[PDB]
Each structure stands twice: as C-alpha cells, then as structure tokens.
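Structure record follows, encoded as structure tokens.
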Amino acid sequence: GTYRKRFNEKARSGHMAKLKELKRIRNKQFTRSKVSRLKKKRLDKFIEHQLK
Amino acid sequence: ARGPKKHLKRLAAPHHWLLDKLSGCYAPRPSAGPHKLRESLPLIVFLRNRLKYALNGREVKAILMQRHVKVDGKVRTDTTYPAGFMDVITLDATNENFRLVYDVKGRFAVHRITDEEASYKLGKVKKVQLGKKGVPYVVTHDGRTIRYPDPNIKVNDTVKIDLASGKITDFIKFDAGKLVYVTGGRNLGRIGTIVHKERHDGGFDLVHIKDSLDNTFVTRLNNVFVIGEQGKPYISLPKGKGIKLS
Amino acid sequence: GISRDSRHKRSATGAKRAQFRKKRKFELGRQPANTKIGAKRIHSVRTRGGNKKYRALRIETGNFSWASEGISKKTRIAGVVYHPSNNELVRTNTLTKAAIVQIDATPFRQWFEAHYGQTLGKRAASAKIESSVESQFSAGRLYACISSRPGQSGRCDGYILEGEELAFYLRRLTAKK
Amino acid sequence: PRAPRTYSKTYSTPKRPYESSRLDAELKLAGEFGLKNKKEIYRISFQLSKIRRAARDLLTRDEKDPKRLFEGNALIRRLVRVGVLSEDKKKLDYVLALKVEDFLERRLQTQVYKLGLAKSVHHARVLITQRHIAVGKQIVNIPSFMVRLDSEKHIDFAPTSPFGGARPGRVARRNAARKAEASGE
RNA sequence: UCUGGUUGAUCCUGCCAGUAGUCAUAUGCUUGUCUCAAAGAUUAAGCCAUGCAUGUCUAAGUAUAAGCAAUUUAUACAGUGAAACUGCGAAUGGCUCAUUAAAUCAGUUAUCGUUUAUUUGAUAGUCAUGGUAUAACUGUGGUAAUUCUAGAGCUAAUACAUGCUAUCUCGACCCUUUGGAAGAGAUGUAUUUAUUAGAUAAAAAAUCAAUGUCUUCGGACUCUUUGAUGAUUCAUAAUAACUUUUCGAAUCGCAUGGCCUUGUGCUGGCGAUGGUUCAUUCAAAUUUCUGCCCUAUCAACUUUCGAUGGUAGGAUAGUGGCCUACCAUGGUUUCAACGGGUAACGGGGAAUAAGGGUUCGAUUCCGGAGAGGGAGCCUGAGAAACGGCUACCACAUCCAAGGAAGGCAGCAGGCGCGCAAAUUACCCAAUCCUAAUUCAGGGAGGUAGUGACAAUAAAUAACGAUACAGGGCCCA
RNA sequence: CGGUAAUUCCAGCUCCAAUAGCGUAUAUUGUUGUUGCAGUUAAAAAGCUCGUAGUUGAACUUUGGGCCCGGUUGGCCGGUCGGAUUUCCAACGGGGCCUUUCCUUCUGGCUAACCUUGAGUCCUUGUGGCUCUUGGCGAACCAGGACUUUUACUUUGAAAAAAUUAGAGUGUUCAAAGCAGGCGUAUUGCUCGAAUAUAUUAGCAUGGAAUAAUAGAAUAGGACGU
C-alpha cells in the first residue's frame, strides 16, 4: 500500500507530495476517463476516415 | 517510550518471583540500587508474599515509616528497594536475621540467620581498579566500593566483609576445588566444587563444577560464585544444601 | 534543523530508502562554529545530559606549545596560512582543527633569551635550534598548527611546527604560492 | 489489560452426527443412569478419549523409561483414587480397557441409587437437587460428582434435610398448620 | 477421505448422485439459573457537543493572608495554613497500527566508539555570615471576549548574583625510652593543549654526556616500585601553561550536653538538603551474525544532486559521507540486484492433519511507530512531546467584526444512511504509579451496568395407590 | 349452511432431531505431488547437432591382530526381618597398552603415575590386599612463547521472558477454573508446595571421525639437523 487511495487527500496532501517525490526518485530507474479515451480513439478513426 | 518507564506489568515480572497473575495487573517496579533488575526482590513482595506479615502497601509503608528493618545495618524507607542475592535482613522487633540466597527450586530463599552471621556478609569482587591519586580499590558484585584492599586479591574473588565497619574481613581466591555457588543459569543454586575452567581469550569462559553426588556441569563465570573451601563454607546453608534430585 | 541519519542515504545495493520514522531529537545536527579571528567571542550550549560545550565565534589570541621545549605561551594569532581541506578557509581565516597559521614569536623568543642567555637571530648544545626556526624568530611570526576544536571546546590550543612537517608544509606553501 | 483466564469446552461432538447404534447406546445409557444430555455423554466420552489416548502414548513409549513410569504411576493412582481402575487391574492394558459405564457408575447419582437411598436413579437425581444428602460433611446438589472410595463410604443424608436431619419442609409444616387450625376450629 | 447408481454376474476408465467442516460473516427464534469472561474493524489513521483524564509538602525551602485558633513560655518567629515564589514530575500510563518488505522484529553480538537526572557505595584542610530583587499582596486601568493583561507601590528564599574564613616527609642532636628534636623539602581540584612515565626474554664489559648514597674522594654501585586486559596512547603518575574559570556548604529541622580563663567565650548529638569525582543501578544511543510474501509479459542497477573507497575538517554524547572539501571509481546482481504489488505493524502464539505441512495472528506480553497531516523548535537527564510551542494546508468555532482560540488512533459520549448494539455510573477500598512526600492524586486501575464473544455446573417434578379393558409389541 | 358467548368439539392429531440453546444465508471437503502426480491414446516431451551457469558425478590411501582392565544386563543365584550385593558364564557397548601407529615443542612448574624402591604385612596353600619415600612420568594442564588443514555431517551442554502447550499435586461442593494449602496444645501453632517437559534456523562450547570434499614435496623455491 505505497501509493494508496486514502479517504482524505486534503489531509494527506503533504504526505502526497513526499510520496510523489518517492515515486519519482524510485522510478527514475525506469524513466531516465475511459469514455473520454474511447471518444478520443473513435475521434482519431473518424478524422482519419475523413482524410481517406 | 520517550524515556524510562515507571510501570511493571504482572507478566513482565521475573518468573522466579512466583507472583500470581490474578491479584494484579501490575508488579511493583523495583527502584534502582545495588543489584540489577531481574535478580532482585522488592521488600514488599518479600514481606507480603513470603513473610506474609503485611497484606497492603499502606501496611508495609507504615512499617517503613516505623523504621524497623535495617538492610546491612542501614534502614531503607523504599518499598521497592532492590534486595538481591546474599543479603542480610535484620528484624528488630522479631529479633531475627535473614540471608537472602537462591533456592534449589531456582527461586530466592530466606535464611534464618543469627546476629554473628549477620555481622558480616559475603561479596564477589567483580572489578579491581586503580583510582585517582593512584588509589587501589575494588567493586564487588553487590556494588560495594572498597578502597585499599589486599593486593593478592583479583577480580571475581570471594570476600567476607564485616558489615559493622563495612570492612574487608578476609578473602578467598579463585582456585579449582573450591566450593562454588551458581547464581544464574538453568542450574543456579546447585552448590558444587569447581572441577576447572575452560578459558577463552575474550570469550565467555566456561566452568566445570562437580557437586557432592559427583555430578558435573558447566556454567559461565558470571554465574560462578565461590563460597569457600571443601566442607568449609563461611556461611550457614539451608536444607538440601543446593542439591537437585528427582 | 540538521540531523546526521543514515536511513536517508542510498542502500549498499544502490537502493533508495523509504522513511522509517519521524526524525528524532537525539540525532540532531548543530551549526558549525566557523570561528574567525576577532575580539573574544564564545557561546555555550547545553548538550545531552546537561553537558556544556563552548563554540568560538571570534577569538583573538590562543595558547601554543613548544614541544621540543615542553613549554607553552599564550600568543596572538596573525592569520590562517594553510588549510589541508580548504584554501577558502585559508582566505577567510577560519579557525578550526588541523590548520597551518602564523602567530607571535616575541614571548617565546623572550623565554629563550631568558632561559639561555642567548638571542635569536643575527648549554649551547641545548641552545642550538633549527635554522628555519631561527628564521621565523627573526621574522617575528611563528608557524603553528591548530589541533584544537574551538567549535567544540572553545579552545584554540596548538603547537609550533617542527622539522619534518615544517619542511613538508613549506613545500606545500611554496607550491601553492 | 489483564491475564487471560484460561478455560475450556469440556466436550466434543461425535464424528458422524447420526448413527443408529450410537443413538441406541445413548438412549440405553441415558435411561439407564437417569441422564438427560448428549452433551454430558460427549463430556464423559471426551474424557475417556483423552485418557486412553495418552495411555496409548505411554504404551508406545519404552518400558523402564522414567517418564513412562512416572506418568503411568500418576495416571493409575488417579484412576484408583477415583475408584475406576481396580487394584488387581493396575496395568496399562486395563487402563485401555476402562469404560464409560464404569465412569457412569462412579458418578454419584448411580452410586446413591446403588446405596438404595432412592427408588430410582431419576428419584436419586431428584433428591440430589433437593440437596438432601451430603458427602462426607459437604452438601452437594450435583449428581455427577465422581466420588472417591472414602466418600462413597461417606455418603449420608443432610443434617439440614428433613429426611436425615432438621425440621420438616414447608409443605409438611403448612399442612400441619392447616390441620391444627381445622382441629382447633 | 469417501458412499450409491450400467451387467445374468465381475473389473477397471468413466459420468452422475450423495458427503464434510471452518472462536469465518451475517441473520432469525428463544432464553430462568451459578460461576467466569469479552465488548475492533467503510482498505473512513473520516469527523466530533459536552464533561473528565497531572500536579505534589514534611519537624525540616521561601508565611505579618489586615486567614483561623486563642493562648500561655515565647516583643522576630514558632500551631494551622489560602495564595504565591522555590523543588520535582508532568518524556510513564492509556489508544491505534496509518506508515514501513532485511526496514522492524527475533535470536546472537559488541561498543577498547557514547551519555546517564535519579538509586546505591565510596569520594574534597590546600564571616559573629554582602547585595539585587520580584511574585503573592495593596492601589489605578484597558476589552466583546480567553487560564489576556498594562502602569505603579511593597517582600522573601537552599531564588538570583556575590563572597573570605596546618599537614606530612626526611631528619643533625640528645637517650635510650612512653622517645622528642634544631634544620631541609613539599603541599586542591575542574577544562583545554604539548611532552614524559606507566617495565618485565636469558649473561657480563667498553664508551662518552649527566654526576646520586656512602665518599674508606680511589670509586663500588651493594636492595632497586609498577596494575590489568586476548590486546591498548588503558587505569594511574609527572611536566609546562590554558580558561568570558567549575567545585571545595553564607542552607535547614529536632533537641540540647561538656567545659572552663564566668565570656552571654570555647566544644558537643541526632537528621535534612546540597555538592566534585568514581563506581553502581536504571537506562538510552550506536553495532555483528542469521532469518522476510509475490513479482523475469520486471536485467541490469546506484553515482550532477554521495552512489563506492581515501585524506582533512566539521558536527555529535560519541564512531561514521553524517556532512563538507580535496581525492581515487567504485558498489550490487540470474545464488535474482533493482523496482513494483502487498484491505504487510514484527514475534511469542492460534487453528488444522497422523505426519509432512497449511493458514492466520489489530487484539491482555514484548519490540518499534503515531497521535488531521507537511515543516521546525523551547524547557528538561529524558520530547522532535502533540491532554508543549512556531509556521503551512485542511477544515472548523466565538463575537460588539476588531480579534480570539483548534487537535478523543485517552475515559464515558456523538456524527459520518433515511435503518440505529457498553455506562456522558461509583470508587481510588485493592495492584501499582507520581510527587515536598505514609496522608495528595490517579477514566491507570477496580466496582457494578449493559445483544445467548467464548466457557462451567444444572430445572421445568418425585412417588404410590386405585379404577377402567384385552389388548399390546416385533420383524417381512 | 346456520351461528361469534356461538362452539368444548384430528379434547387442542401422529412421529423424528437437538435443547437453554437452536435454525438459516454466503464462503472453504493423494486435485500441486520433498514425503506423494502425469506426459501410447480424454490435457501435457525439445526438427536436428553443439553449448555458459547450475545440478549430479569410477575406484583407492591405518587396516588388522593380541593383551589387560572394568562396567551393563540374562539367569544359577536371596545374605534380609520389601533388595543389599559376592562367584559364574552368554551378549552389549567402554577404557588403557602392544602390535612400524605425533602422541606440537621446549621454557619451568603441579610432576599425572608407577618403567620407580625402602621396609612390613590383615586373611581361604595367594600376582586373591595396601600405609608412608631417598635417581625418577612431559605432557597433569598451569603461564610463556611459537605453529598446527578447513569444513560439512552428527552426539552432548549452556541458551532460547512469561503467558500459552503437555504435565505433577491439590474434593474451587463437582467442573471450567485456580495455585493453593494441609496439619497443633482451635487457651495465642506446625508443615508442604506453588513441580517437569518442549521450544527446530543461526551463534558458542563439546565428543565423534563413517560419509563428502579440501590442500600438500616436480623448474623442489621442499622436509627434518650436530
């Protein structure tokens, strides 16, 4: 439960900031809304169909 | 905890104290003193749970204000005074003395003691050092700090001390074939004469001890406490003579 | 404030450590006394237990030992000549342990003149001293090493530089000029 | 916080909850010893299971091993102290041979029924809950005492009981009161 | 882990039926007794009205309450004692496990790398007694308001700040004992720095420099102390200085003796506090070995910005990249590094089987962590405290609009749904604990209350007689 | 069908289960296989050949014999007013010598022990029995130095808080429980307890020497040595 969805994020705000720091530093190694996504995809498809 | 604690649970007590689980949630946390924590005994547990003469803290408190008992001649007024092994307990109105000494059952043990035996007490010299202005001195097992001892004495050495002057009556060295009490460990209380000592440089040195039934065991030097010679104890011993049986 | 923990540093496996608990009082770090030269300025602090500790802020004079004579005199400090960690501390004339400085030479030279009936510059087997020490006496400034912690003790107690280290550090000063 | 007071369920349910043979066993023993409860049966059988289990453990243990000797002695002496195991039967095979009927006999309601102080075992349990018989000197209203030999010699009526002791009960005295009232009327 | 079913019957492969529990979670009905015992869970470590949970005084710290008691010895005082100053505690207890995966925890170390208020035991020859105050209190005030205060006038300390008051050694002589004697030398600590000593393996000579007992003036060097650790620059001793220079009692209570130059001169008991150093005790802080759940459709990883090692400093209570400089390029990993998941606080323990095992363990003890969460700090031996303080954010409160206050994962008690589960009880009488100290106080704790946590024992009837008929019962 | 103060009418039907407890609902029964699965066909073996790690890996090195001693059992045994221990052989491990058999060296100590010897001997004809000591037992481990294969394995010990588990004893009236209690001259006092076990990985000490390695003296740069 490192990146956990708490009950009160306005309370765990600074907690969230330092956890953000942890996630950034730890996955520096690696780096170095779904309806909106589906509408985005189908938007690309319709735009491309009109291009075609 | 952000410091020390004033509190002692029922179950947190040492097992040898033989205190029940049900007449309290708390054990009386013993005050600081000569002996260390687990190998001591508060005087109220001594009196109420062994001598049974008082039944309440108000009672034993009134007794301490009544200024009766002198430990090694000195009265304490502390209830949780840390009384440890090999102690002299003086009872004026009952006219008795008591050597506190370990049990064959691994517990402690009171000993009815006469005034002449109470006049002195025994002590394991645990560290001899040279103090400031080049003064030589010793500290015993019971925390007695004695300046200017006999030079032949070394660490871990048994010493008879007169309590009346607080002075070195005499001493007893650390040789094989000396009568030894065992203070801690599984086999504590089993009085025996030392076979020998397996010594380790910087290591916990083991000790081989044979007692009267020709039974041999091995403990550590910290548990080792020499009493006297063979058939020559400087103290009176309780019944059983520290002998484990079936 | 400052602490000196380890659970913040990287692991030996090069791993980043999550925080274990809140920072504790007893692992605190205090500010270094960047002691410079000035009128006598000393503060104290109740360290753990209640143990007093004296920081030096500005301190003018100090005490210094002649080891080959086994004596010591309270002389005044000129300025920081060399520091093996920081030529910035050389520049800023900051007074800490293991520093190479110049100090007065007159009270030690007066002591020599008194003890030996012989001047410095310009029992004789005992009175023969090193040539560079004669040079520092004729100059009036003595090379010395701060080996005290005025940041901790409040003490500036050093010793005069003697043959091998004086030769070494004079090579160092000659190469650094 | 405190110390947890240790406790126990005194019984256990059987393996198959429904079997005709054991059902008739229970009915026979219940109407035999004036009993009332499967749970009581489970208590006593659980005791036997534990005891003969540990007995078999001792049997598997080696002879002349002092642990085996000690535990066999303790078990045997407790059995004969109750009065279950007999003097001649002082060996572990007989300990394996002991039975719930012997324990039900060593139960007190059975024993006082043998003593004939009641016409029935149920009648004995009645008198037990009327508290009319004391064991030794102690009054007991529990029919499942599992007495010892001295105590079964020491079964007697209660000296406070109207039967073996004090004044008659409320029914007798109120009937005598109404009878004296009617005769004086 | 089994039982039943196909065929005239039999055996395996088969399918189907049946089968089991699980302080697992709800739910329903019922409920007298006795004893005992519990009383968490929205992945809400979400939020709180109230009230309560920390102060303590003996002969003995500071008393003119214009406090009381009078009164009987007290014209400084004497009893009690508000308040107030001073002391100590308030760094435990209780609640919770948010977080945290070699981290803790556990075992096993060790600190010759740290401090310790307190206990305890030792431990110091190196003015018939200064001053400053201020509370409490008196008196004038502010405001909407708070355990807000301002001005002024007093008075004290165990306050504050000051502060002074012979002993050995050698020993010529003399005389012999019970010796006493001219003369020579020396005389606290504390801190810091530099130096010296602090030994030991078995013979004897030469040399120089220095010159010590006796000089039998030639020289012999005739006795020559040193502890311990496995080990040490250790214990300990000496030198030379150092310090915004520490200590070496300006304290107190009970009583009052012995003297005697009759001074109101000299000595004298009991105990109470404080005090340097050391040791103890209680500690804490570091530190070793060994041990973690899953994850390779996670294989390389860390090093600007310390990652690895070195040298110097700082800081610390100390070791240490802990940090800073200047240096070297390291370090780990397929024996799985790394990073990710963990409704993951660790363990003792709990359940289960015959064992091997499996699964839990917030939960009576221990360890550590936290007290809406970020950041930081004072005091104190002990706090990064939260029934202390500073700022942020989040809410959130009073009002006269101005300012003011805030932390129940303590004890009851409450919200978070519209559906709902312990008593805003009593007592410190026990066990303990805290203090000035027997006496104060303690939602710690106990008492009892409260839904069939869980558990123990067991009642709802015994017994007889009488009448009524031949019928009653078992299996197939 | 009539009736609701109207009816006394499976009186108010029978049987099974548990019981002061009981029902229900949801979820979990050699089918993971070190013990202890499978791979012809209902599911599952490399197109071929090599190949890093890892795993796993022929045999051999002091054996054998003899002596002496004594335990620990089985019986013939029984001495005794329920067991003491003597003779005997069967075995069962054990210890010390010798059989070519490091058994660290010396420093001095402590000598451990008769290769020692100076006398006598209690008692069944006596290698069936022992008091003191004149050249002596180097290993008796002391303390001093200086080196010697390391394991794995396994035996023993100390450890591993308590509680909990097992378990001793104890008429809480029984019992769960709990560790109390019991016994005088109740007129003024005597005693027992509050056992025991377990607890596995690492660590320490310890015996063992099978197993499995390890290393040695070949450019001898080798060993002992006056």
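For the protein sequence lines, the chains are A, B, C and D, in the order given. Counting from 667, one number per residue, gives the positions in the first sequence under our numbering. Counting from 9, one number per residue, gives the positions in the second sequence under our numbering. Counting from 980, one number per residue, gives the positions in the third sequence under our numbering. Counting from 32, one number per residue, gives the positions in the fourth sequence under our numbering. Built from N, CA and C at the ideal position, the CB exists for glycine as well.
Notebook entry, point to check: Counting only runs that start and end within the stretch 1051-1110 of chain C, where is the beta strand (DSSP E) found for 3 or more residues in a row?
Noted result: If we require 3 residues or more, the beta strand (DSSP E) runs fully inside the stretch 1051-1110 of chain C come out as 1078-1083.
Notebook entry, point to check: For the alpha helix (DSSP H) that contains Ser679/A, what are its first and last residues?
Noted result: That run of the alpha helix (DSSP H) goes 679-692.
Checklist line | Own chain residues within Cβ distance below 6 Å of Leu158/D, not counting five before or after | finding: Here the set comprises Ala149.
Margin query: Looking at chain B, is there any beta carbon in it that lies within less than 8 Å of the beta carbon of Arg92/D?
Written below: It does not: the Cβ of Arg92/D has no partner Cβ on chain B nearer than 8 Å.
Margin query: If the criterion is Cβ atoms closer than 8 Å, does the pair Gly192/B and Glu47/B meet it?
Written below: When the beta-carbon positions are compared, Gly192/B and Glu47/B come within less than 8 Å of each other.
Checklist line | alpha helix (DSSP H) runs wholly inside the stretch 49-107 of chain B, at least 4 long, in chain order | finding: Runs of the alpha helix (DSSP H) inside the stretch 49-107 of chain B: 51-54, 65-73.
Notebook entry, point to check: Taking C-beta to C-beta, are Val136/B and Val163/B nearer than 8 Å?
Noted result: Yes; because the gap between Cβ atoms is below 8 Å, this pair is in contact.
Notebook entry, point to check: Who are the neighbours of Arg692/A on chain C, taking C-beta pairs under 7 Å?
Noted result: The CB of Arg692/A comes closer than 7 Å to the CB of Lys995 in chain C, given here in chain order.
Margin query: At the level of alpha carbons, what is the spacing between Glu1143/C and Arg1003/C?
Written below: C-alpha separation (whole angstroms): 46 Å.
Checklist line | Among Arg1027/C, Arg1020/C, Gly980/C, nearest to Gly1008/C - alpha-carbon criterion | finding: Nearest of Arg1027/C, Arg1020/C, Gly980/C to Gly1008/C, Cα basis: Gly980/C.
Next item on the list: For chain D, find out if any of its Cβ atoms is closer than 8 Å to the Cβ of residue 6/B; answer yes or no.
Entry: Since the first residue shown for chain B is 9 and the last is 254, residue 6/B is missing from the structure and cannot be characterised.
Note to self: Please confirm whether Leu688/A has its beta-carbon closer than 8 Å to some beta-carbon of chain C.
What the structure shows: Closer than 8 Å to some Cβ of chain C, the Cβ of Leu688/A qualifies, so yes.
Check: Is it a yes or a no for the stretch 216-233 of chain B touching the stretch 180-200 of chain B, going by three-plus beta-carbon pairs under 8 Å?
Finding: The stretch 216-233 of chain B is in contact with the stretch 180-200 of chain B.
Check: Where are the beta strand (DSSP E) runs, 3 residues long or more, that stay fully inside the stretch 143-187 of chain B, in chain order?
Finding: Taking only runs of at least 3 residues, the beta strand (DSSP E) segments lying wholly in the stretch 143-187 of chain B are 143-148, 153-155, 165-170, 175-180.
Check: Apart from the five residues on each side of it in sequence, which residues of its chain come closer than 7 Å, Cβ to Cβ, to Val131/D?
Finding: Contacts found: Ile75, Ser76, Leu79.
Notebook entry, point to check: According to the neighbour-count rule (16 or more other Cβ atoms, all chains shown, within 10 Å of its Cβ), is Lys129/B buried or exposed?
Noted result: When all chains shown are included, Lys129/B counts as buried.
Margin query: Are there any heavy atoms of the ligand NAP lying less than 7 Å away from the beta-carbon of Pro174/D, as far as the coordinates show?
Written below: No copy of the ligand NAP occurs in the structure displayed, which carries no ligand at all.
Check: Are the beta-carbon atoms of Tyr1061/C and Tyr1148/C separated by less than 8 Å?
Finding: Contact: yes.
Next item on the list: Step through the CB atoms of chain D and report whether any lies within less than 8 Å of the CB of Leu72/B.
Entry: No, because no Cβ of chain D sits closer than 8 Å to the Cβ of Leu72/B.
Notebook entry, point to check: Start and end of the alpha helix (DSSP H) containing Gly103/D?
Noted result: Where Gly103/D is concerned, the enclosing alpha helix (DSSP H) starts and stops at 97-113.
Note to self: Looking only at its chain, what residues have a beta carbon closer than 7 Å to the beta carbon of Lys218/B, apart from the 5 residues adjacent to it on each side?
What the structure shows: For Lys218/B, same chain residues with a beta-carbon under 7 Å away, outside a window of 5 residues either side, are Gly200, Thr201, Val203, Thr224 in chain order.
Notebook entry, point to check: Once you ignore the five residues that flank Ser39/D on each side, which residues in its own chain have a CB closer than 8 Å to its CB?
Noted result: Spatial neighbours of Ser39/D in its own chain (CB-CB distance under 8 Å, excluding positions within 5 residues in sequence) are not present.
Check: Do you know offhand how far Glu136/D's Cα is from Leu59/B's?
Finding: In a straight line, the C-alpha of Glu136/D is about 46 Å away from that of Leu59/B.
Checklist line | For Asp219/B: DSSP bridge partner residues | finding: In the DSSP output, where bridge partners are listed per residue, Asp219/B has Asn223/B.
Next item on the list: Name the two residues that bound the continuous beta strand (DSSP E) containing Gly1142/C.
Entry: Bounds of any beta strand (DSSP E) do not take in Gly1142/C; it lies within the alpha helix (DSSP H) bounded by 1142-1155.
Check: Which of helix, strand or coil does DSSP assign to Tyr125/D?
Finding: Assigned with DSSP and collapsed to three states, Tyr125/D falls in helix.
Notebook entry, point to check: Looking at C-alpha atoms only, which residue of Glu1092/C, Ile1021/C, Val1059/C is the closest neighbour of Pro1129/C?
Noted result: Comparing Cα-Cα distances from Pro1129/C to each of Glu1092/C, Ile1021/C, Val1059/C, the minimum goes to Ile1021/C.
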